[PDB]
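K.L.:
pasting the first chains of the complex, positions unchanged:
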Amino acid sequence: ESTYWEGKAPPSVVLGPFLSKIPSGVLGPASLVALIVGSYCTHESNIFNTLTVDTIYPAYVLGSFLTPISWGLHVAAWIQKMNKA
Amino acid sequence: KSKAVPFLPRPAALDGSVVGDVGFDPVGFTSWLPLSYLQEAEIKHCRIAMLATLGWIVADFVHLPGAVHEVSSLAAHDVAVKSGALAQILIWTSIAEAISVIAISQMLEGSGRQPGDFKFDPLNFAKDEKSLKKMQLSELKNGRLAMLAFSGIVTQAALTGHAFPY
Amino acid sequence: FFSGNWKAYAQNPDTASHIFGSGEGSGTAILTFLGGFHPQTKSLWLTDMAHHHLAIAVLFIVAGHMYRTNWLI
């Protein structure tokens, strides 16, 4: 326990007992891939092609949800990297 | 060090389990999740895939106690969700799975429930530990084979239209 | 809803000549994006507000699973 921290990086326990054991070399590239996929899904559902009732595409929607997620994945990747993991 | 993959080292979380531990985890998923949760998921997939493979094969051969059951297990899904059978099976499956959350949560927390154990042996096919371990290994091997077989069955029966050979 | 063809609930919304409380110029849709106001009542579309509350319901039900309880997550 003791999620409180004062050093350079928080302890790996703040990532939960599922991300605490992911190597940073896995989280990092996974975070970048998720960010790219989410940005592309957002730019394909909108921006590049205007949205319409007949075109919603749960893949692009679910995808776009990987952009907010990506943020968390690379934050966890940095936390793991600084904690020698 | 691994028994399944001689090149890669043995997984750290896989030492011995009567579930068929041959040390096959190249991506190290056992480090991610607790081994017990992954074992429960694997056994659930095994049982679902075995039931599904048997049902697909049988329902294409002899399944017509009525009119709406005159389908080829490929258009069966839509026809029988329109009929209402899949709704009932989903209701009972949801009840069983909602109970299974507590079963999965009672393990991973304490208790003594082995993964995939529901104390369902009404006919007592397994008697002692040796039979239990042997048939656990047999069930998991059959379930993995059934997973791959059902994957092949659906992919082939969607890549073409045919019967049992697919 | 079960088939996933959720666009069907938005097809054929209330027209611009719909008299509120009457079937003249009405539609069959129940969840739509229209924006703005009803041309007659000068108020938000009822189908707009139903869709709004459905979205809010889904979001809040999802957000209500955040904190830990007796099931380890």
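P.N.:
That came through, no problem. Numbering: from 1, shown residues only, chains lettered A, B, ... in the order given.

K.L.:
Going by C-alpha atoms from here, please, whenever you check contacts or count neighbours.
P.N.:
Fine.

K.L.:
Distance of the residue nearest the centre of chain B relative to residue B:39?
P.N.:
Nearest to the geometric centre of chain B sits residue B:46, at 1.8 Å (Cα atoms, centre = their mean). Look at residue B:46 and residue B:39: by Cα to Cα, to the nearest Å, they are 10 Å apart.

K.L.:
Backbone torsions only: list them for residue A:52.
P.N.:
Backbone geometry at residue A:52, expressed as degrees, to the nearest 10, gives phi -150, psi 160.

K.L.:
ok, it to residue B:114 distance?
P.N.:
Applying Cα to Cα to residue A:52 and residue B:114 gives a distance of 50 Å.

K.L.:
same deal with residue B:97?
P.N.:
Per Cα to Cα, residue B:97 is found 17 Å from residue B:114.

K.L.:
Residue B:103 now?
P.N.:
For residue B:103, the distance to residue B:114 equals 10 Å [Cα to Cα].

K.L.:
These two: which is more packed in?
P.N.:
residue B:103 (18 against 15; other Cα atoms under 10 Å in any protein chain shown).

K.L.:
Show me which residues of chain A are close to chain B?
P.N.:
Residues of chain A lying near chain B by Cα under 8 Å from any Cα of the partner chain: A:18, A:19, A:21, A:22.

K.L.:
Which residues are in contact with the second one?
P.N.:
What it means is residue A:19. For residue A:19, the contact set (Cα atoms under 8 Å, 6 or more residues apart in numbering or on different chains) comprises A:12, A:76, B:32.

K.L.:
for the spatially most central residue of chain A, what are its contacts?
P.N.:
The centroid of chain A falls nearest to residue A:70 when counting by Cα atoms, centre = their mean (2.0 Å). The contact partners of residue A:70, by Cα under 8 Å, 6+ apart, come to A:31, A:32, A:34, A:35.

K.L.:
sequence below should go in as chain D:
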Amino acid sequence: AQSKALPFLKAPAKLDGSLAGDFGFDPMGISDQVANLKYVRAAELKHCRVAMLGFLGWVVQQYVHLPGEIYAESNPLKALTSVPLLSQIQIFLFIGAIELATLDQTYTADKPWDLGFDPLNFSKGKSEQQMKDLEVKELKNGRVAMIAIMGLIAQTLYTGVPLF
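P.N.:
Chain D now in position relative to the chains above:
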């Protein structure tokens, strides 16, 4: 493990031994919040008795009716509206008169379900094992009736066929 109904789960702490009908069935752990099992058992037994009476009334109204015309409706849910409000208000007042004294009784007593109702003295002379067996019979039958009366209501609301 300790649940008989769900042989795999361990029952909660308050499900043990006494309070007949205890099969360890509390997966959601509702018993963990209640201070005791007295009130929940009282509510369960009241539901069991009301559901038994409801199922019996459902079947009898399906087959047997009072001589008057106002009681000639076969569908129980339609008879809920066809029957004059006088009969229903009399039934409700009778139930409330029975319910107020038991309202004083239930929230404080050790056996709130024990209303002292035994006009035929079916329990006088029975041993403890026989009494517990009778309690188990009552609870079983009541749970089955509850399921059955809810099913009857659902099938009447969904198909209009009050029976079968």
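
K.L.:
The residue nearest to the centre of chain A: which element?
P.N.:
Taking DSSP states H and E as the definition, residue A:70 sits inside helix A:66-82.

K.L.:
thinking again about what came up before, and the residue nearest to the centre of chain A, how far is that from chain C?
P.N.:
For residue A:70, the distance to chain C equals 19 Å [Cα to the nearest Cα, to the nearest Å].

K.L.:
just residue D:93 next, same as before
P.N.:
From residue D:93 to chain C the distance is 40 Å (Cα to the nearest Cα).

K.L.:
Secondary structure of that residue: a helix, I assume?
P.N.:
Yes - the assignment for residue D:93 by DSSP: H, G, I helix; E, B strand; the rest coil puts it in a helix.

K.L.:
ok, how many other residues are close to it?
P.N.:
Neighbours of residue D:93 (other Cα under 10 Å): 12.

K.L.:
Ok, residue C:17 next?
P.N.:
For residue C:17, the tally of surrounding residues (other Cα under 10 Å) stands at 12.

K.L.:
residues touching the spatially closest residue to it that is not a sequence neighbour, list them.
P.N.:
Spatially, and ignoring its direct neighbours in sequence, residue C:17 is nearest to residue C:25 (5.4 Å; Cα to Cα, 6 or more residues apart in numbering or on different chains). Counting by Cα under 8 Å, 6+ apart, residue C:25 touches C:14, C:15, C:16, C:17, C:18, C:19.

K.L.:
Using the three-state scheme, assign residue C:25.
P.N.:
Relying on three-state DSSP, one would call residue C:25 coil.

K.L.:
before we move on, what about residue B:126?
P.N.:
coil.

K.L.:
Quick check: residues of chain B near chain D?
P.N.:
Counting by Cα under 8 Å from any Cα, chain B comes close to chain D at B:99, B:102, B:103, B:106, B:111, B:113, B:117, B:118, B:119.
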